[PDB]
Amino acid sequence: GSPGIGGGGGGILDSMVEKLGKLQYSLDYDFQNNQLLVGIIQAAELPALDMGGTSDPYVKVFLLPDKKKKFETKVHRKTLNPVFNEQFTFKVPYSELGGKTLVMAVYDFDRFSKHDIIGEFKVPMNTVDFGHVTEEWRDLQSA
């Protein structure tokens, strides 16, 4: 909160998307069985640890606003480029899928401290192309 007379910047650089890695996922709604299928494929270019080292990445996958237990991939130890190759299934009728949002969040597993989040992104069900399998890389967003 100031007139903003001094400051420099930098401000534009600070607004850019940080290099927090990317996640490849696939998505398909199975109309025969009435379930949403999500493929957590692989992540790339996860950030190196502050003073060198690699993280122990895993991915949490869940639907908002649903409050059911989130799914999680296995933990891949010491790698910034894990290949998960896992599929998760959400038994939800298509009619109920409308206002829901799929979230994929990559964490750094640690046995002795809270797991740091690496980054995340969201997929609103209302902008998903239900007629074809969806597959894409998404840059992980801060927070």
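Start at 1 with the first residue shown and count on from there.
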| query | finding |
| --- | --- |
| Residue 47 left out of the model in a third or more of other PDB entries | no |
| Residue range whose averaged C-alpha B-factor is higher in the record, 38-46 or 61-69 | 61-69 |
| Mean Cα B-factor comparison, 72-80 or 110-118, giving the higher one as deposited | 110-118 |
| Peak C-alpha temperature factor (PDB record), options 101, 55, 87, 95 | 95 |
| Residue, from 127, 134, 15, 24, that the PDB entry assigns the highest Cα B-factor | 127 |
